[PDB]
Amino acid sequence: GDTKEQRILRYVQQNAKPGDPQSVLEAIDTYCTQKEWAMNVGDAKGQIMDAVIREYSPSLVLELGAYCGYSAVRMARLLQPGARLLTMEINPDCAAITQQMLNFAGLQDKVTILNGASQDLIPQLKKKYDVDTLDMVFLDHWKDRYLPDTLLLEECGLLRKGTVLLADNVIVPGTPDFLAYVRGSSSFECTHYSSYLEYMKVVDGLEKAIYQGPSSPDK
């Protein structure tokens, strides 16, 4: 039967233009703001994402929580030739939607979709997906997983000095354990990007946390 995620994809395929990532973003934002609410980063936070991507021009990006592919389209469209997005999506049907979304956008060659749980896939990146270290991580999956997966990324050797973590929804509904950790730790240099959720009429924010390297042992 029909699902909201199938409806988002159908709306894009009807109204956007194939090979035009920007029209795809605009169709999804129009849909989610005019037709039917959906978990969506939205254009305002999307601008912040764009600016981070443009500032750091990452060659290898890991996304946690693709959902329908909005953020994957958002980020992958700004990646250079040879740059890669790896995106993880725990739900098989959403992973399928994300693939079709990216196919329509013409971005399928820049993205690898991994269908599984973050804590299961993250430790396979080095072996199976030929990853050394990540240049950027976008966290937008389950909120209680931001802190443990960040710790996991670190202990797996996937962060290097200068790796940018960018996490959504750290205020609403909030990830206070993640924030307390990264802001307090000398291993992360943190900044906060406030953005309004107009539909909920509440301020939310993204946290940017730049990995500084592991903590030094006592002398």
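Residue indices: 1-based, along the sequence shown.
- Two stretches are in play, 199-207 and 18-26, and the higher mean C-alpha B-factor belongs to 199-207.
- Mean CA B-factor, 88-96 versus 127-135: the higher value falls on 127-135.
- The residue among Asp109, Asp140, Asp149, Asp144 whose C-alpha atom has the highest B-factor in the PDB entry is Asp109.
- Within the listed group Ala180, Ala66, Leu166, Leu158, the record reports its top CA B-factor for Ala180.
- Per the PDB record, residue ranking by Cα B-factor puts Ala83 in the highest third of the chain.
- Among the modelled residues of its chain, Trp37 has a C-alpha B-factor that falls in the highest third, as given in the PDB entry.
- The deposited CA B-factor of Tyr70 belongs to the lowest third of values across its chain.
- Annotation for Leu62: C-alpha temperature factor in the lowest third relative to the rest of the modelled chain, per the entry.
- Among the modelled residues of its chain, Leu153 has a C-alpha B-factor that falls in the lowest third according to the deposited record.
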